[PDB]
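Residue numbers (the authors' numbering), protein chains in the order written: chain W, 9 to 111; chain o, 168 to 250. Comments concern the structure below.
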Amino acid sequence: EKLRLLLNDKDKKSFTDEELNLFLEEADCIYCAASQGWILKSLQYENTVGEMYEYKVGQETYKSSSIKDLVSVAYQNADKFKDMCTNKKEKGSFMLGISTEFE
Amino acid sequence: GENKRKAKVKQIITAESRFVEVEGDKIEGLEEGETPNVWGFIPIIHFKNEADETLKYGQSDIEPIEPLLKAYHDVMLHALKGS
C-alpha cells in the first residue's frame, strides 16, 4: 500500500490519511510526495518542540535539539528524497539523427 | 456588338476529311460536320523536340535542368530568408 510506505517514509502519525492521499495525488512518484510531506512536517516542529530547546528545573535539566537543527534535518531529508526521485526519473545523455526533405 | 460568345469546339482532322463540331454559341467561319479534304493527307505537321523512339511526344530542353532549377530556387530563397 502506497500510503503505508509514505507513512514509513515520514515516521508515521503526524499527518492524517487525507493529507497523505492529497500528497500522493500531487505527484505521481511517491518520493516527490514524500519530500513535500517532509517539508510540511518541518513546519510542525514549531509545536512539537517549541523554541525552548533547553530548560533546567529542580534537579533535572533537559537539552533538546533546537528547532533550527530539526528543520535542517527535515530539509535535508526532503532534499534527499527529491534527489532520489530525480535519480529515478532522469536519463543519460543522447545523440540523435536529423533529416529534412530536399529535391 | 456588346455580346459575349462562348464556344467549345472539337474537331478531328484526317487525311480523307476533317470533322468539326461546336458546343456553344455559333462561329460564322466554321461549317459544322464532316467536310472532305481537297487532298488525301493530313495538313498538320508534328514537331518533336528531343524525339525518342519510346516516347510519343517530344521532350522540352527544360526537363533535364528543371530539378536543378528547383534546387537553385530552394538554396537562393533559403539564403535570402536567412540573410
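We treat Cβ as the ideally placed atom computed from N, Cα and C, and that holds for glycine.
Which class does residue i belong to by DSSP, given the choice of helix, strand or coil?
i: W:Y61; result: coil
i: W:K71; result: strand
i: o:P231; result: helix
i: W:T94; result: helix
i: o:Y239; result: helix
i: W:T24; result: coil
i: W:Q84; result: helix
i: o:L222; result: coil
i: o:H213; result: coil
i: W:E111; result: coil
i: W:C37; result: coil
i: W:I106; result: coil
i: W:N16; result: helix
i: o:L197; result: coil
i: o:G249; result: helix
i: o:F208; result: coil
i: W:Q44; result: helix
i: W:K99; result: coil
i: W:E9; result: coil
i: W:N55; result: helix
For residue i, write down the residues that DSSP places opposite it in a beta bridge.
i: o:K175; result: o:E190
i: o:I180; result: o:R185
i: o:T202; result: o:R185
Since residue i and residue j are thought to touch, with beta carbons under 8 Å apart, how far apart are those beta carbons, to the nearest angstrom?
i: W:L11; j: W:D25; result: 6 Å
i: o:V187; j: o:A174; result: Going by Cβ atoms, the distance from o:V187 to o:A174 rounds to 11 Å, so no, they are not a contact pair.
i: o:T202; j: o:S227; result: With a Cβ gap of about 34 Å, o:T202 and o:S227 do not count as contacting.
i: o:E217; j: o:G225; result: 6 Å
i: W:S22; j: W:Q52; result: 6 Å
Would residue i be called buried (16 or more neighbouring beta carbons within 10 Å of its own) or exposed?
i: W:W46; result: buried
i: W:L28; result: buried
i: W:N85; result: buried
i: o:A238; result: exposed
i: W:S50; result: buried
i: W:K18; result: buried
i: W:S43; result: buried
i: W:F110; result: exposed
i: W:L32; result: buried
i: o:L247; result: exposed
i: W:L14; result: buried
i: W:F102; result: exposed
Touch test, the segment 172-192 of chain o against the segment 208-215 of chain o, Cβ-Cβ under 8 Å, three pairs minimum: yes
Check: Does the segment 87-97 of chain W come within contact of the segment 26-40 of chain W, defined as at least 3 CB pairs closer than 8 Å?
Finding: yes
message: Count Cβ pairs between the segment 51-64 of chain W and the segment 75-84 of chain W that sit closer than 8 Å; are there 3 or more?
response: At 8 Å Cβ cutoff, the stretches touch.
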